[PDB]
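Index from 1, following the sequence.
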Amino acid sequence: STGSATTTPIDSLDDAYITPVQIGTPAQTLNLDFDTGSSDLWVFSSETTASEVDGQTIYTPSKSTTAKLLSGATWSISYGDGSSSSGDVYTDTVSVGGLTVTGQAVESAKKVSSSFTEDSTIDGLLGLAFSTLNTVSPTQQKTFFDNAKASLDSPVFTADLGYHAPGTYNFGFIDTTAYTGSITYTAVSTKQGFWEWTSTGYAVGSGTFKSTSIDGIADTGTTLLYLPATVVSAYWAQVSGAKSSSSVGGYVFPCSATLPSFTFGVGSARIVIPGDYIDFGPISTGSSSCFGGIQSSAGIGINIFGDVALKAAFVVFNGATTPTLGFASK
């Protein structure tokens with residue numbers, strides 16, 4: 001089998017992407033944030049505290065003839081941005097882009113933190129990291145990809161995120177029309193549960209490529225590119241007036257600037273992030289200070305190849321027995 005679904009930016013900045021997902025019988029369609037940095041499929045639901053729902057579409061398990069309570073199971077997750085959610089668990093039929101999994105754990109939110117409530121466009125998350133990170137207790141549950149894998153034509157999914165435009169998540173096949181050149185594959189460590197790999201270096205604008213190993217994760221659920229402070233300083237030093245602002249929480253730059261590109265290495269290959277992809281717009285409405293799309297990872301503990309980086313590439317998440325990542329230009 002295969003599946004193919006369009007993913008759409010939630011706003012004009014590409015802060016996140018939503019993909020429609022069918023849950024239950026008859027289908028209830030929710031728009032989920034596909035997150036290769038986590039491993040829980042959780043939804044706003046009829047069980048979510050009413051004051052914490054503000055415009056989201058909810059899953060109502062009592063209206064699904066295929067929903068079954070997973071008795072005793074609870075979940076609770078905290079994300080790197082400080083947001084969180086928790087609740088109980090149902091199993092139900094879940095379809096993405098024509099690919100159907102029966103018996104998928106659908107984690108129903110009883111509580112969500114304010115950033116989720118405040119984002120009316122995201123009805124939940126669909127985790128695509130390794131199932132060892134799934135938070136369901138006492139019986140850990142598998143991701144949608146893990147459950148689908150054996151039925152897929154090939155044990156892969158691909159992320160093709162758009163810049164200010166829709167893109168595609170495919171399951172089970174590699175669309176050879178969706179990229180240019182060849183796909184360069186690179187090793188993955190699953191030891192932390194992430195799609196963790198090592199970039200071979202970087203360049204700023206037209207500058208020379210610096211060969212240096214940068215371990216990080218491919219994370220569709222993180223908006224920006226978070227890299228070591230040395231790399232980030234080298235980038236922003238090429239932008240007149242750019243500075244790191246403790247009050248804003250990262251590097252800002254004059255909105256009048258034209259930003260240089262940023263290149264990252266994948267083996268001997270190179271992915272170029274155009275400068276425009278690094279512009280996240282005014283820090284507050286009407287400000288002439290703009291927020292940068294490349295930020296330091298120093299306070300995180302891990303480097304994160306988020307959407308800013310991934311949307312410059314066609315990305316293969318290869319879930320074969322030894323997983324690997326593939327990157328192509330597009």
Side-chain angles (χ1 to χ4, degrees), residues 7 9-18 33-38 78-83 115-116 118-119 121-122 125 128-129 159-165 167 194-197 199 202-205 214-239 242 244-255 257 259-264 266 271-284 287 289-313 315 325 327:
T7 193
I10 64 164
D11 63 23
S12 64
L13 298 180
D14 297 348
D15 281 315
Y17 298 77
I18 48 172
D33 184 351
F34 282 24
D35 180 13
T36 63
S38 71
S78 306
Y79 297 102
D81 69 350
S83 68
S115 64
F116 288 115
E118 287 162 5
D119 184 1
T121 72
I122 291 176
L125 265 65
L128 292 168
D160 180 9
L161 302 179
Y163 167 67
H164 297 348
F194 300 121
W195 293 91
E196 187 171 2
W197 65 289
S199 172
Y202 69 101
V204 175
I214 305 168
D215 179 286
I217 66 167
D219 184 1
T220 59
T222 290
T223 311
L224 305 185
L225 174 54
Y226 293 89
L227 292 173
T230 49
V231 177
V232 175
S233 184
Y235 178 80
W236 290 109
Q238 297 304 308
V239 178
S244 180
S245 167
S246 57
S247 58
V248 176
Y251 279 91
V252 298
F253 67 93
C255 294
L259 297 178
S261 66
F262 185 87
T263 299
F264 64 93
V266 182
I271 299 296
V272 181
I273 305 170
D276 288 350
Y277 291 26
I278 299 161
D279 177 11
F280 279 75
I283 60 172
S284 296
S287 179
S289 294
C290 273
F291 197 67
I294 297 178
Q295 297 293 344
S296 179
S297 64
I300 298 178
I302 197 158
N303 300 306
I304 306 172
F305 293 85
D307 298 333
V308 162
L310 301 182
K311 72 193 184 181
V315 188
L325 281 166
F327 291 83

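Contact of the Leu259 side chain with the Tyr277 side chain is not registered, since no non-hydrogen atoms from C-beta on lie closer than 4.5 Å. Put simply, the side chain of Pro228 reaches to within 4.5 Å of the side chain of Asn303, judged on heavy atoms. In this structure, the side chains of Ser261 and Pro274 stay at 4.5 Å or more apart for every pair of heavy atoms. Residues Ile278 and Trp236 meet the side-chain proximity criterion, which asks for heavy atoms closer than 4.5 Å. Between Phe116 and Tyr79, the closest side-chain pair of non-hydrogen atoms falls below 4.5 Å. Between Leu224 and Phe291 there is a side-chain heavy-atom pair separated by less than 4.5 Å.
Formation of a donor-acceptor pair under 3.5 Å by the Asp219 side chain with backbone atoms of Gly37 is found in this model. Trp195 places a side-chain N or O within donor-acceptor distance of the main-chain N or O of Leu128, the cut-off being under 3.5 Å. Between the side chain of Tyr17 and the backbone N or O of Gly162, at least one donor-acceptor pair lies under 3.5 Å. A side-chain donor-acceptor contact under 3.5 Å links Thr220 to the backbone of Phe34.
In this structure, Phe264 and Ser199 approach most closely via the heavy-atom pair CB-OG, 4.0 Å. Contact detail for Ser245 and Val252: the closest heavy-atom pair is CB-CG2, 4.3 Å. Here the shortest heavy-atom pairing between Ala16 and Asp307 reads CA-OD2, 4.4 Å. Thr36 and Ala218 get closest at one heavy-atom pair: OG1-O, 2.8 Å. Pairing each heavy atom of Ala242 with each of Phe253, the nearest pair is CB-CB, 3.9 Å. Residue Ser287 comes nearest to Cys255 through the heavy atom pair O-SG, 3.8 Å, listed as atom of the first residue, atom of the second, then distance.
Looking at residues two or more places apart in sequence or on another chain, you find a side chain to side chain contact (heavy atoms under 4.5 Å, CB included) between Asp119 and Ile10, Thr121, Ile122.
We find the CZ-OG distance between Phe194 and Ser38 to be 8.5 Å, quoted to the nearest 0.5 Å. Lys311 NZ to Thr223 OG1: the interatomic distance, rounded to the nearest 0.5 Å, is 9.0 Å. Considering CD1 of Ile294 and CD1 of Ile273, their distance stands at 5.5 Å, rounded to 0.5 Å. Summarising the geometry, atom CZ belonging to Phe327 is positioned 4.0 Å from atom CH2 belonging to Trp197; distances are rounded to the nearest 0.5 Å. One distance of note links CG of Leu125 with CG of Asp33; it measures 4.5 Å at 0.5 Å rounding. Distance check, rounded to the nearest 0.5 Å: CD of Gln295 to CG of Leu227 gives 10.5 Å.
Annotation: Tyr235 is not in aromatic contact with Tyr251 [ring centroid separation under 6.0 Å not met].
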- request: Walk me through it: do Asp15 and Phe280 pass the test side-chain contact (heavy atoms from CB on, under 4.5 Å)?
  value: CA-CA 9 Å; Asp15 281 315; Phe280 279 75; 4.1 Å; yes
